[PDB]
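What follows is a set of notes on a single structure, which appears directly below.
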Amino acid sequence: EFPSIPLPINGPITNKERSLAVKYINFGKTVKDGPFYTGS
Amino acid sequence: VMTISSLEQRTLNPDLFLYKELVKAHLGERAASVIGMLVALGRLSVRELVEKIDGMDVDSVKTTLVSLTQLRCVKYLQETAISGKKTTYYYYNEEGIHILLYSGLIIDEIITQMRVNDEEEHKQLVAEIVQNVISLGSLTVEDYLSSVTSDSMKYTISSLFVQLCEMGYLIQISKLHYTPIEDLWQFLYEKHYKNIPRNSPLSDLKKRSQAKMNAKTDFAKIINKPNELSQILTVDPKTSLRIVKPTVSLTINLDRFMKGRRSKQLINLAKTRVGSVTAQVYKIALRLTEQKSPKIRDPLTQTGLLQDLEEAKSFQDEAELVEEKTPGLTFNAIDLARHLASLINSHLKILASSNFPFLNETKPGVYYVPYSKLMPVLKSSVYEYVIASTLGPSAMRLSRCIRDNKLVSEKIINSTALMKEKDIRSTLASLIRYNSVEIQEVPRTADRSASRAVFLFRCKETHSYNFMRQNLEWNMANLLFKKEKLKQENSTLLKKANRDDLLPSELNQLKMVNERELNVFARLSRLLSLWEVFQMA
Amino acid sequence: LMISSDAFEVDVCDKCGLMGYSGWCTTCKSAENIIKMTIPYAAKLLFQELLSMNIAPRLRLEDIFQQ
Amino acid sequence: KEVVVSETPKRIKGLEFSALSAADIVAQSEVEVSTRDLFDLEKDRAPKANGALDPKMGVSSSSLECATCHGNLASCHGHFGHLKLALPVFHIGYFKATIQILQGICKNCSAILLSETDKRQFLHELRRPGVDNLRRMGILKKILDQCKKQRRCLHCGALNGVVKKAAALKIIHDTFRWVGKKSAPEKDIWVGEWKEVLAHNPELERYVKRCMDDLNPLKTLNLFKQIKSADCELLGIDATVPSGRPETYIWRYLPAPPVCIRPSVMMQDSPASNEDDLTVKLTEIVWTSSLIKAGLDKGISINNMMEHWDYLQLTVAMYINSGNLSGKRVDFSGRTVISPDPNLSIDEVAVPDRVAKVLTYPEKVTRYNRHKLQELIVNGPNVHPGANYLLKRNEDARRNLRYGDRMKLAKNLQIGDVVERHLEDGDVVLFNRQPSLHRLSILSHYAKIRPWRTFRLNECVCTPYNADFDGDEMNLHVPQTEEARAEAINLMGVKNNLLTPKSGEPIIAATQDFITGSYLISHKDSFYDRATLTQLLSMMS
Amino acid sequence: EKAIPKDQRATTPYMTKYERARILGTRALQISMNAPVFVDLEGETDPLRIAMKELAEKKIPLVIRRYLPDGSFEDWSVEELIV
Amino acid sequence: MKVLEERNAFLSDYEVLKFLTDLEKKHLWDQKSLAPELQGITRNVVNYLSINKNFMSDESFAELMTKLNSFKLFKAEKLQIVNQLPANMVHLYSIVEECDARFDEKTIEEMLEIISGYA
Amino acid sequence: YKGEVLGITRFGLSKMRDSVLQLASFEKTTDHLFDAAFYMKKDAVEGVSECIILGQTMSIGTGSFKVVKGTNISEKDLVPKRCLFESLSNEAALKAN
Amino acid sequence: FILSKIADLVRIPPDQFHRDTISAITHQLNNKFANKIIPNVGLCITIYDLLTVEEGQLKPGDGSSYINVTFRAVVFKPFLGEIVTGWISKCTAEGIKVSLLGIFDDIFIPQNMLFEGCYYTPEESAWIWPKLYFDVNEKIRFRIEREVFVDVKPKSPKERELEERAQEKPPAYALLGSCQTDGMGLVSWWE
Ligand SMILES: [Mg+2]
Ligand SMILES: [Zn+2]
Ligand SMILES: [Zn+2]
Ligand SMILES: [Zn+2]
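Chains A, B, C, D, E, F, G and H are the protein sequences, given in the same order.
Here the numbering used here is used: the first residue of the first sequence is 463, the next is one more, and so on.
Here the numbering used here is used: the first residue of the second sequence is 4, the next is one more, and so on.
Here the numbering used here is used: the first residue of the third sequence is 18, the next is one more, and so on.
Here the numbering used here is used: the first residue of the fourth sequence is 166, the next is one more, and so on.
Here the numbering used here is used: the first residue of the fifth sequence is 504, the next is one more, and so on.
Here the numbering used here is used: the first residue of the sixth sequence is -16, the next is one more, and so on.
Here the numbering used here is used: the first residue of the seventh sequence is 235, the next is one more, and so on.
Here the numbering used here is used: the first residue of the eighth sequence is 39, the next is one more, and so on.
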């Protein structure tokens, strides 16, 4: 793209905390399957 | 043309696109429609939402307000007029949206908070009830225990339930937190002003001392009732085990969680100027003084303050008196920070002489942490390390030597540490665009030109802290919008992955997008840990 | 003033009602809300003169025959 | 197979005015100028290529088709072009709006400095069902003066002064107006900074003092980014739509007009043609933005960045900155001198046969005109009861009756064909004099085909036109449809307008020589005879 | 949007000069598009001239919808209106 | 353009047959006058739908409809069997619902004998 | 009629007309388009001066009414014709079920 | 064969005023609702009747008469077609496609849920054994399983010249099915 400029880092690849995002997506799915959703 | 670099959300939506994207991934699409009108307009009633959505009716608006009240995302405010016709009013609640924002970082700290009983109870006892409190809102005990059948181990939840509300998070439900901040002060500003009879003027007002000091008095027990309270706690039945009252429902508190979250930035400052073991004993001395700390800014001066300079001067002086006069937080003695001899006292003296403003102000020998005199140093020590990490260390040396004096001139930077006109004046233009230079010219002409003028470089605060805060908020709003865009290529893959709970191209499709869906949360947690410092005073 | 002076056929779209060229919106690139109608040509020059600066004179449409 | 093709007759019901955002300019655009201003004249035709007025925009030539819409100079609507500005610059037309929105904000917190109950009564007073523009401007002045007479903010502890224009296009704030001794934490740091910078070097700031602080447009751009979406109702902005917000008024992207808006003038057919001035102005804008981008690439010496950017501000202010005349050009009209004729009726103007041969009338053939229009086509364009053009029912072309296609063409004559007949006797025609004062200056007459080439008319009808003949000219228009022709003769014709509406008196009646010819007949010394009276009765009818 | 019935009409029963020229131009534009006439005409042309003969005979098959400023349709057939 | 009721008035095939039969008598015939772009489907449907009636039926269709009141079914399959069934002994293995549950062989045999005596 | 005597001048044509195109036909332009674009005026087209620009018919004079043509139809032709459509298909669906 | 009731406005030109209103509206509806396949409703054939017509309005520019009617259209759309008495269209190295002849030819059945003892050979002659055959020029009986409408989505005007120098899409009404039931597949397999 138009930007390629020096190092916006604090974005590496080594997670070490994969279960934390599992807790994130588990909370997301439990709010997704709640009694109230108010979709569409 | 070919807008693929996401330019179409540049100049349409800061500071509300975050609030719309946090609720669109959690509460459907109809709640985003009303929360995009509560933020964009202000206070508006039910029918004012109906005549503004153009696509929902009273059957649709009132259905969604219950789902937003359950997650305390909408403040109630019932009011009336001078002629009558009492109606209902609604604000947008940012604390509930922050509860939806973190939502797993809450169950990150609450697991690593208990003692020796480790990895036999923090998998299904507490981790299944705390996420149910965060997800379903206000919960009681009797409606939760009906979900289990043949409750043999029915008192195992009670021991972890009395322990959790003993030191914080669990709290009595929002009988006060749905009422807004300003009307709680404005109704109190009037109901102790209209009962005073006619008397002497004495410089024609005088009650703008008396009554509002009275207001301050009965502000103090309004906030203090949602805290450690003996109405729900210390209930002792006869010939039985100690328990709390299970009848009333209870929710979580986002007031002790934030002061428990500030401790991580305090430890990150403690990695500087001292090693690891001494940082560990400062860590445990900080964790012992969590739940009694003065919190991030009280609602006393959040709104209603019309900038009375005597009151605004004396508010930061009486907070020092709150900090000095505690019911036990100042008692950071030897017998309190070694159990929960002289070597740790020497390390604590090194903490006193470390010269960052923590663990100072100690006359008799018992130490205290100055929370109020630390916050500019906390907000500035992490602000410098972001220009250094992203833009460059030379720009960090420059932006520090703008503040090393006040209003540095032209020919003073090039006298220090580097030559002239090579990248001194080049990184200034890379820092005016981030509200971190704030140029100010004075001419000698009569029409304020730029040729016959000189430049003055003063680092004006509270403009660099707010622009980076809005930048971090809009990066968070960017990160959740792209996540819900790649979900549209999985509506025919993840919904269809329910009838069984090999086509190896799906190994590069299903099990390839999963870590692509994980590494956005993996850095959203770091965005959260980097953004919090600009909203803790 | 219109028919025998500066009669001009144009297309304007329903959603975000600017004007394009006979089959396409140039802003809403899906381009199925295209409505073809007649307009004076000096109104077209006035619309492009207002749009050449930072003014958006958006046209809102409704049908003539309702009830 | 195919699909239902549905259509509805639609009409314009409003005009929602707004300003374009940064995305709306790039969206409707076709190409960027791409930091180019040389127009790319290679040695082929001295053509126009990418980075300038290109075929991706409109066209202004006979050749060199657009190829976005594959059309000539006559069939291109036009295409815009977005232009990216480095160091986004202040706007000239929204100057007073920027002052009125900047007076109402705290400059430290970037929020409105009004209280909460007074904000509530202004919000309750703005949402009335019947609000005029006068009432809305009154309430906005009522909130602006109440906001200017408050000196201290609410959400922060910063003092706030008066923001004005520099006593160009400079914005000037005044934090400190009076010499009050109130214990504020800011002026101590202020005076300490000033005595420090005067103790460090007394060469710079030891000539004058209190000039003011500066308002960078890049600073107030962020200050307009950081308010709220909700306070804009008190600022005049109606930002419930994303297309328009209180920082969309600063120049960040500039739309460049199509080449149809800026055509090549016809002082040419010579090579290396000349263009308009706006192309030169945006060329200079591209150059003075290229210099700013070059100054942003590598650091340069001195204050020429700020001076060059202020020149960019003055240039973009001059770009859109520097009359109720006639205007429209109407087909099927003529302008000829006038002549006296009282042998003509008062609802008739005699039209000569030289201008009643090019001024046609479109007639659709039907059951009741097929016998006449066949002979009318056969007579041709030179014989006066004839026709000049022909339009087929299925739209073959516009068949003119001059180049071939003789009397066999009148033999088919399908029932939807439209001929363009000559102006004949009895046709409704409207008739005008150019200094039109009141509504009796444009009447409507019947035609009558005559000799010598002048628009002669009666003199009972020349008084409402204010005709004093002496070689004066008058205009003549023919309506080209069946519905406007019925309105000229019914509620606009001469026989239905015998009174002026100013007083109800008759304005169109007998005139000069018709008075003294009536005083001499009805004089008492007039006695006639059947050798005279019979002739008098025969001359009048 | 509401339609006033025939017996609740409150406007004038006469034919305005503004609504005499629009009904005549509408009839003259219909006749030029090959509509059948309902009058004994002598052999001539100019549908505006043979629409005057229908208006003098009152055999025009139209009505005149008179709008009031809230929607008050009020049918007002042409043969009811007199000169 | 704009739909009002989509699933309205579920009608049979003989009704469409008699409607397109009485539609081509309003103007000139399709068979008698054989020796604008709408009559193509008009002469194609009346030719295609009458291919199973090879080697009157109005009152016979009324009689079969009144005969259909013997045993109860659901909504669609009674129409789906009244426009069908050349009636051998093996059609209700493919046509009728659930195919093996409620009915005996003799009752489907006698109703198919009624249909075979009809057609 | 607006509650105050304000006449016909540069500041006087802001009485009731929200018509931006009509008020653009006066001297000292380039200041009434920008507050219309700034304050986001609704501008419902109803006046004659912004119907001759857009090419609409004016609401006064001749276009103050409509002429519509009577179909001369009765309710006898507008009947839902029906013969043995649902005469039994609703009957053979409720027998003991 | 369903009877859908929709509503729209139509025009009658002034040269058709000699006829009555009903036949003129019926003539004007047939030029729009011929084999002109409706988006996601199916395909209309004729006009059954009409109801609640209104007064004929007219704009000054046209001079015609615009009437908004409400009519019942005979729409060809089976929801779950239990049998079809049509024959073939074409055989290729895919499933077989058939033609319900007289109206259209769009019915295709992909060989994924069909008879598992059948196979296609690239020698253009498909003979199968699990008895006799099913082949060209005979009425194939089958079931309707999946019906999904596609859209008539437009295309860019600068892309139109790329589709006119060198050089399709099936219509909106698209039927499918399968063949699993024993005996189903041919008329003369029985009797
Ligand atoms: Mg003269
Ligand atoms: Zn559009
Ligand atoms: Zn073009
Ligand atoms: Zn402020």
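Note that beta-carbon positions come from the ideal geometry of N, C-alpha and C, so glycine has one too.
- Taking 7 Å as the cut-off, the Cβ atoms of B:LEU80 and B:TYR92 count as close.
- Pairing H:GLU183 with F:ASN71 gives a Cβ-Cβ distance that is not under 7 Å.
- The three-state secondary structure of D:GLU358, taken from DSSP, is helix.
- Taking 9 Å as the upper bound on Cβ-Cβ separation, chain B lies near residues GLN315, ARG316, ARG317, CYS318, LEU319, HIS320, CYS321, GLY322, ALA323, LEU324 of the stretch 313 to 324 of chain D.
- Residue-level contact check: E:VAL566 touches chain G, since one or more beta carbons of chain G fall below 7 Å from its beta carbon.
- Using beta-carbon distances, F:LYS55 does not count as an interface residue toward chain H, since no partner is under 7 Å.
- Note on D:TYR526: 16 or more other CB atoms within 10 angstroms of its CB, so buried under the neighbour-count rule.
- Residue ranges of uninterrupted alpha helix (DSSP H) with 4 or more members, entirely inside the stretch 529 to 588 of chain D and ordered along the chain, are 535 to 544, 574 to 577.
- For B:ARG118, no pairing in a beta bridge is given by DSSP.
- In this structure G:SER248 is not in contact with G:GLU284, their Cβ atoms being roughly 16 Å apart against a cut-off of 8 Å.
- Using a Cβ distance threshold of 7 Å, D:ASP512 and D:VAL643 do not count as a contacting pair.
- In this model, B:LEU25 and B:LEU483 are separated by some 8 Å (Cα to Cα).
- Those residues placing their Cβ nearer than 6 Å to any heavy atom of ligand 2 are, following chain order, C:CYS30, C:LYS32, C:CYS33, C:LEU35, C:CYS42, C:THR44, C:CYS45.
- Residues of chain D whose Cβ lies closer than 7 Å to the Cβ of E:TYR521 are, in chain order, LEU656.
- Residue state for C:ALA24 is assigned as strand, using DSSP reduced to three classes.
- D:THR699: not part of any beta strand (DSSP E); member of the alpha helix (DSSP H) spanning 695 to 705, first to last residue.
- Our two residues, D:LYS175 and G:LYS262, have alpha carbons roughly 35 Å apart in a direct line.
- When DSSP states are grouped into helix, strand and coil, D:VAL514 belongs to the strand group.
- Residues of chain C with a Cβ closer than 7 Å to the Cβ of H:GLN95 are, in chain order, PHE82.
- Within 9 Å of the CB of G:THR296, the CB atoms of chain D belong to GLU652, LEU656, in sequence order along the chain.
- Of the candidates H:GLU93, H:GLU197, H:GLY223, H:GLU197 places its Cα closest to the Cα of D:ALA232.
- With 16 or more neighbouring CB atoms inside 10 Å of its own CB, B:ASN469 falls in the buried class.
- In this structure, the C-beta of D:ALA276 approaches ligand 4 to less than 6 Å from one of its heavy atoms.
- Proximity of chain G to H:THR84 at the Cβ level (cut-off 9 Å) is not reached, the minimal Cβ distance being about 14 Å.
- Scanning the stretch 56 to 112 of chain B for uninterrupted alpha helix (DSSP H) segments of 4 residues or longer gives 61 to 73, 97 to 105, 109 to 112, listed from N- to C-terminal end.
- Boundaries cannot be given for A:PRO474, as no alpha helix (DSSP H) includes it and DSSP labels it neither H nor E.
- Closest in C-alpha terms to B:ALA34, from the list B:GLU11, B:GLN73, B:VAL4, comes B:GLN73.
- For D:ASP378, the three-state secondary structure derived from DSSP is strand.
- For H:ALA111, DSSP records a beta bridge to H:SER42, H:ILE85.
- Legend: CB atoms of the stretch 526 to 537 of chain D lying less than 7 Å from CB atoms of chain E belong to residues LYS529, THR531, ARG532, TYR533, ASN534, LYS537.
- With fewer than 16 neighbouring CB atoms inside 10 Å of its own CB, D:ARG558 falls in the exposed class.
- F:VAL73 sits in coil when the DSSP states are folded into three classes, being neither helix nor strand.
- Between B:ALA130 and D:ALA395, the beta carbon gap of about 38 Å keeps them out of contact (Cβ cut-off 8 Å).
- Closer than 7 Å to the CB of G:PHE299 there is at least one CB belonging to chain E.
- Beyond the five residues adjoining it in sequence on each side, D:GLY591 comes within less than 6 Å, by CB distance, of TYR611 in the same chain, given in chain order.
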